[PDB]
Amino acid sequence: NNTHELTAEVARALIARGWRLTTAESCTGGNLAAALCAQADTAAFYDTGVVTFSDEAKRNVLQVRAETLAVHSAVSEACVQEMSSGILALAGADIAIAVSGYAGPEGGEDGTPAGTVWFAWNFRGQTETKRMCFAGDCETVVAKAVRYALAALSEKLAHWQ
């Protein structure tokens, strides 16, 4: 239900399967990593997270393509797909989550509204994505995005194996 409960449910499920997770964040700032590290048994399923807040960081740390960022922006399906692939490869994990969005109060230069967040969940190179538009102040958007990432991961585990 709350962030701690969601994170505990993810941990138990991943540990039972012997799966490992990694994360790449932009707007959520390391709060997704923080939830996973606050969990009791972190090292049994997680050890690597990155925060890549700018286009240069995404290119440099995660090998996101310059052309992708210039054409689609950092807040895009293509960006989160590439972020997820980059972190999956760096960490040698089973599952990568990438999150990129506009926490607010400003939206994108291209008119993308504040609160728009893209997600990618990449299981061994098979990636699913979702765009959400969260209501609230910037800190509330971030908190909702972290919980969405975790809840959706919990839901997706079933169809993977």
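Numbers for residues come from their place in the sequence shown, where the first is 1.
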When mean C-alpha B-factors in the record are compared for 142-150 and 8-16, the larger belongs to 8-16
Assert higher mean C-alpha B factor (117-125 or 39-47, deposited values) equals 39-47
Temperature factor at the Cα of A33, chain-ranked in thirds, falls in the lowest
Split the chain's modelled residues into thirds by Cα B-factor; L69 lands in the middle
The third of the chain into which the C-alpha temperature factor of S100 falls is the lowest
